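Colleague: Handing you this structure, nothing more for now.
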Amino acid sequence: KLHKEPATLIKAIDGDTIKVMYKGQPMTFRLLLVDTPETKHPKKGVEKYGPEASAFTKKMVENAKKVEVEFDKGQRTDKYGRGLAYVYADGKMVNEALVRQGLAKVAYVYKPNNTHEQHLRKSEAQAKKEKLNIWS
């Protein structure tokens, strides 16, 4: 069973990446299962809806009373030292909010870090149907 652990927001970095204090140490977290358009894309730089996805993640985490992180069943860090987690702001999953708003696509998925995959897929299908943002 996954469980939520508290974290304290330091800085929102991009639509898909936030820096937090976790267990008394600053740590970067990459949001599991979502791909946002980036403003800090390695080759490309600033993509369309990049600034909007970024502002959405920022406002959601900055205005929250409680930020929590939830690790999945598999690897907890990627090759860059980033935590891989579902992030919650006052009980609402940020990863899902992004997908629901048409500001992220569901990523290519890596077993066993796929626990909320079907939940996210359902939100993406609704955003497609409503033709939001990325899907407009």
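Each value in this text was obtained by applying a stated rule to the coordinates, not by laboratory testing. Neighbour counts are summed over all protein chains in view; Cβ atoms, including those assigned to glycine, are modelled from backbone coordinates with ideal geometry.
Colleague: Among 12-22, 97-107, 71-81, how do they line up by average Cβ neighbours within 10 Å per residue, starting with the highest?
Modeller: Packing order, densest peptide first, comes out as 97-107, 12-22, 71-81.
Colleague: Sum up the charges of everything whose Cβ sits under 12 Å from the Cβ of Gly50, counting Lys and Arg as +1 and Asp and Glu as -1, but leave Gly50 out.
Modeller: That sum, taken over residues with Cβ under 12 Å, equals -3.
Colleague: Next up: Name the residues whose placed amide hydrogens come within less than 5 Å of the amide hydrogen of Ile13, ignoring near sequence neighbours (fewer than 5 apart) on the same chain.
Modeller: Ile18, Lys19
Colleague: Which angle from 0 to 90°, rounded to the nearest 10, does the C-alpha axis of helix 50-62 make with the longest principal axis of the chain?
Modeller: Helix 50-62 and the main axis of the chain meet at about 40 degrees.
Colleague: Between the helical axis of 117-129 and the dominant principal axis of the chain, each derived from Cα atoms, what acute angle in degrees is found, rounded to the nearest 10?
Modeller: 30 degrees
Colleague: Expressed as cubic angstrom per residue, what is the convex hull volume of the alpha carbon set of the chain?
Modeller: Expressed per residue, the convex hull around the Cα atoms of the chain is 105 Å³.
Colleague: In addition: Identify all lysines with a Cα-Cα distance to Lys23 below 23 Å; exclude those on the same chain that are fewer than 8 residues away in sequence.
Modeller: Candidates past the 8-residue exclusion: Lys1, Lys4, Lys11, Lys58, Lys65, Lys66, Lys73, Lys79, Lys92.
Colleague: Separate question: How high is the relative contact order of the range 1-64, in percent, with contacts defined as C-alpha pairs under 8 Å that are six or more residues apart?
Modeller: 29 percent
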